[PDB]
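Chemist: got an experimental structure here, sequence first:
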Amino acid sequence: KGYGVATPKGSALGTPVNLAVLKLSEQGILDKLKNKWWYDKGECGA
Amino acid sequence: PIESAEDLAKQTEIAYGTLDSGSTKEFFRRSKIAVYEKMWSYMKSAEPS
Amino acid sequence: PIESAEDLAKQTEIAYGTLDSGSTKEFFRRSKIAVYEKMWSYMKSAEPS
C-alpha cells in the first residue's frame, strides 16, 4: 500500500504536488524524514 | 566503555547533555551530521532536562 | 554475516559493485548519506572495476 498527497479533481496543484513528491523522493528527503521521526526520535536506540 | 559520540548516540542507558546556553548546544543545533542530529534530537526531547 | 549497507561499507574483505550504467550507480553517485557516500567512493576507486 502507499500513502499519497491528495488534491481535488481538476485542481491546479495536482501536477506540481506530484512532481514535488517525486523530487523529494529522489533527493532522499522522504527517507531522511522517515529516519528523523521514527528512529532519530526513537526511545529504544539501535 | 563509550569511546566516541556514536557510542553515546546508539545507546539509551547513559544520558547526556550540554550547558543550557553556549557554543556546544548551538553546534549540536546547527549540525548536519547524522549522529549529531540524533544526539540533538535526544537532548532536545529529553525529559527531565 | 553482512546484514546491512553499513556492514558492507565498514569492512574491506568483501568487494561490492553494481552495473556499469543503471539506476543504482546514479543513486550511489548522487547520494548524500554518509554510508552511501563511502560506498560510492569505494566503488569509484576500486580496481579492477
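Modeler: Nice, I can see it. Numbers count the residues shown, from 1 in each chain, chains lettered A, B, ... in the order given.
Chemist: which ones are touching the residue nearest in space to the middle of chain A?
Modeler: By Cα atoms, centre = their mean, the mean C-alpha position of chain A lies nearest to residue A:30, the distance being 4.6 Å. By Cβ atoms under 8 Å, 6 or more residues apart in numbering or on different chains, the residues touching residue A:30 are A:21, A:24. From N, CA and C alone the C-beta is placed, and that goes for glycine too.
Chemist: mind listing what's buried in the helix or strand containing it?
Modeler: Assigned by DSSP states H and E, residue A:30 falls within helix A:29-35. By neighbour count with 16 or more other Cβ atoms under 10 Å in any protein chain shown, helix A:29-35 contains the buried residues A:32, A:35.
Chemist: quick check: the nearest residue to residue B:28 once chain neighbours are set aside vs chain C, distance?
Modeler: Closest residue in space to residue B:28, ignoring its immediate chain neighbours: residue B:40 at 4.2 Å, by Cβ to Cβ, 6 or more residues apart in numbering or on different chains. Here residue B:40 is placed at a distance of 16 Å from chain C (Cβ to the nearest Cβ, to the nearest Å).
Chemist: off-centre distance for the biggest helix by length in chain A?
Modeler: Using DSSP state H, we find that the single longest helix of chain A is helix A:14-26. The chain centroid and the centroid of helix A:14-26 are separated by 9 Å under Cα atoms, centre = their mean, to the nearest Å.
Chemist: run through who's touching it.
Modeler: Outside helix A:14-26, the residues that touch it by Cβ under 8 Å, 6+ apart are A:4-5, A:7, A:30.
Chemist: check stretch B:38-45 too.
Modeler: Counting by Cβ under 8 Å, 6+ apart, residues outside stretch B:38-45 touching it are A:36, A:40-41, B:5, B:8-9, B:16-18, B:28-29, B:31.
Chemist: pull out the buried members of the residues you listed.
Modeler: For those, a neighbour count by 16+ other Cβ under 10 Å gives the buried set as A:40, B:8-9, B:28.
Chemist: redo those residues as JSON lines? Include distance to residue B:22 and secondary structure.
Modeler: Below are the buried ones among the contacts of stretch B:38-45 laid out as JSON lines (distance: Cβ to Cβ, whole Å; DSSP: H, G, I helix; E, B strand; the rest coil):
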{"residue": "A:40", "distance to residue B:22": "23", "secondary structure": "helix"}
{"residue": "B:8", "distance to residue B:22": "18", "secondary structure": "helix"}
{"residue": "B:9", "distance to residue B:22": "20", "secondary structure": "helix"}
{"residue": "B:28", "distance to residue B:22": "10", "secondary structure": "helix"}
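Chemist: good, wrapping up.
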